[PDB]
Amino acid sequence: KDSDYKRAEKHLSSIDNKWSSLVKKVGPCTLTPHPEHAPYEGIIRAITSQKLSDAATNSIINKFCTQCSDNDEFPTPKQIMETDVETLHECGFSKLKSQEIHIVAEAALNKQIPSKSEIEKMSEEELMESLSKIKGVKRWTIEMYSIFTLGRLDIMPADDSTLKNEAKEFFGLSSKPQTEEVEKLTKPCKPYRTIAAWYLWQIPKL
DNA sequence: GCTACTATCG
DNA sequence: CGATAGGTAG
């Protein structure tokens with residue numbers, strides 16, 4: 001793990017110079033995923049973050065945990081179904097999201113969601129095909145779940161708006177790059193594209 | 001002080 | 001189409 005990061009960092013330092021320079025300035029990767037979280041939880045967290053900064057997302061989850069739980073633990077599927085969308089909406093979840101998070105909890109209850117062990121065996125493509133069946137869960141949301149919950153190392157969220165902005169100046173492009181362009185420009189980062197994206201994400205912090 | 005900053009549905 | 005979640009950097 002922290003060993004994967006050593007290897008990852010060395011690899012990004014063996015590509016072209018700009019990558020080597022970014023690693024040195026930003027320093028050690030501090031990305032901390034949470035694979036212990038059950039599928040329905042990581043998915044709800046990813047859904048919540050849609051269109052929202054980490055800070056906003058976190059204040060919303062903080063409330064969700066404080067209200068819909070006792071020991072400020074992440075609400076269980078049953079606790080989630082026992083809450084109405086109006087109440088969920090008061091936590092900061094959009095009305096649409098409140099409905100989707102509701103379906104997700106119900107699905108976890110009825111074992112309609114792939115189990116963790118089964119998710120652990122799915123390639124990203126299979127994972128994409130599987131979870132995309134869930135309302136409110138698509139490419140962006142599934143990459144975020146793969147990165148922050150699952151801890152996969154070769155995930156390049158080329159479709160992330162912020163990453164594209166950071167990619168634009170990192171690669172000195174004339175205009176914000178399309179998704180496919182970010183895809184091939186970061187090809188050399190394999191098999192640690194997650195770490196590559198993390199580093200591009202730290203650029204504002206400089 | 002003010003604003004800009006995913007995926008779905010009538 | 002065109003609303004829609006909110007903390008906070010600029």
Side-chain angles (χ1 to χ4, degrees), chain A residues 22 25-26 30 32-34 37 39-69 72 74-75 79-81 83-108 112-114 119 124-125 127-150 152 155-170 173 175-183 193-194 197-206:
Chain A
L22 180 61
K25 294 171 188 175
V26 174
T30 54
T32 308
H34 289 284
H37 290 169
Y40 87 91
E41 185 186 335
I43 292 168
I44 289 169
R45 282 175 177 282
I47 290 172
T48 306
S49 78
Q50 292 169 346
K51 172 73 206 316
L52 305 172
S53 50
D54 300 356
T57 294
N58 236 54
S59 75
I60 294 167
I61 299 297
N62 283 339
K63 255 174 275 179
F64 183 51
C65 288
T66 294
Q67 146 70 177
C68 310
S69 183
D72 64 297
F74 194 84
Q79 290 172 298
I80 293 173
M81 289 316 277
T83 309
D84 64 22
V85 297
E86 291 76 52
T87 304
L88 285 178
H89 179 230
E90 306 191 304
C91 285
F93 297 110
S94 76
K95 294 191 178 180
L96 177 59
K97 285 174 178 177
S98 291
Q99 212 48 294
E100 311 183 311
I101 289 172
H102 219 267
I103 295 169
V104 170
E106 180 54 45
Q112 296 301 303
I113 290 175
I119 278 176
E124 193 60 22
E125 285 67 31
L127 232 204
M128 282 293 174
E129 180 180 1
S130 166
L131 305 185
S132 286
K133 293 170 178 169
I134 301 169
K135 183 192 300 303
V137 184
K138 298 295 166 284
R139 192 175 180 179
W140 187 84
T141 303
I142 297 169
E143 300 165 320
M144 294 315 126
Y145 170 64
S146 297
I147 289 178
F148 300 98
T149 294
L150 300 183
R152 297 205 169 174
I155 303 302
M156 171 49 59
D159 61 327
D160 180 74
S161 181
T162 300
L163 184 145
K164 290 175 170 183
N165 280 155
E166 284 147 13
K168 176 182 187 296
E169 65 199 81
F170 180 74
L173 305 175
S175 54
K176 198 178 184 182
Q178 289 300 304
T179 293
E180 185 49 18
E181 178 64 359
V182 170
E183 167 66 6
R193 289 179 288 164
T194 289
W198 185 83
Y199 273 97
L200 286 174
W201 275 331
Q202 306 317 300
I203 292 181
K205 264 159 282 187
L206 300 177

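Atoms considered below: every heavy atom in the structure, side chains included; atoms not considered: hydrogens, waters and symmetry mates. Order of the sequence lines fixes the chain letters, A, B, ..., with proteins taken first and strands second; residue numbering starts at 1 for each chain.
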Euclidean distance, atom [atom1] of residue [X] to atom [atom2] of [N] [Å, nearest integer]:
| X | N | atom1 | atom2 | answer |
| --- | --- | --- | --- | --- |
| A:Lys135 | B:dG10 | NZ | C1' | 13 Å |
| A:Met144 | C:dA5 | CE | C1' | 17 Å |
| A:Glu166 | C:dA9 | CD | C1' | 13 Å |
| A:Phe93 | C:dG7 | CZ | P | 13 Å |
| A:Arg139 | B:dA7 | CZ | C1' | 14 Å |

Side chain of A:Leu96 - closest among C:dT8, B:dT8, C:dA5: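 Side chain of A:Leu96 sits closest to B:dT8.
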
Partners meeting side chain to side chain contact (heavy atoms under 4.5 Å, CB included) with A:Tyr40 (sequence neighbours left out):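 A:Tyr40 satisfies side chain to side chain contact (heavy atoms under 4.5 Å, CB included) with A:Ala38, A:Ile44, A:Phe74, A:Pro77, A:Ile80, A:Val104, A:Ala108, A:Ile113 only.
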
Pair A:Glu183 + A:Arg193, salt bridge at N-O below 4.0 Å: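 A salt bridge links A:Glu183 with A:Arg193.
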
Touch class at under 4.0 angstrom, heavy-atom based, for A:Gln99 against every strand present: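 Nothing, no nucleic acid heavy atom in range.
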
A:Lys95 atom NZ, over 12 foreign heavy atoms within 6.0 Å: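 Atom NZ in A:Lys95 is not crowded, with 12 or fewer foreign heavy atoms closer than 6.0 Å.
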
Within 6.0 angstrom of A:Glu129 CD, more than 12 heavy atoms from elsewhere: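 No, because the 6.0 Å sphere around CD of A:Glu129 holds 12 heavy atoms or fewer from other groups.
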
Sorted by number, the residues of residues 56-64 of chain A with heavy-atom contact under 4.0 Å to DNA chain B: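 Under 4.0 Å from DNA chain B: no residue of residues 56-64 of chain A.
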
B:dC9 OP1/OP2 closer than 4.0 Å to side-chain N/O of A:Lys95: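 So the side chain of A:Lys95 is outside the cut-off, no N or O lying under 4.0 Å from OP1 or OP2 of B:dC9.
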
Which protein N or O atoms sit under 3.5 Å from an N or O of nucleotides 2-6 of chain B?
{"residue": "B:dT6", "atom": "OP1", "partner": "A:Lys51", "partner atom": "N", "Å": "2.9"}
{"residue": "B:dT6", "atom": "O5'", "partner": "A:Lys51", "partner atom": "N", "Å": "3.3"}

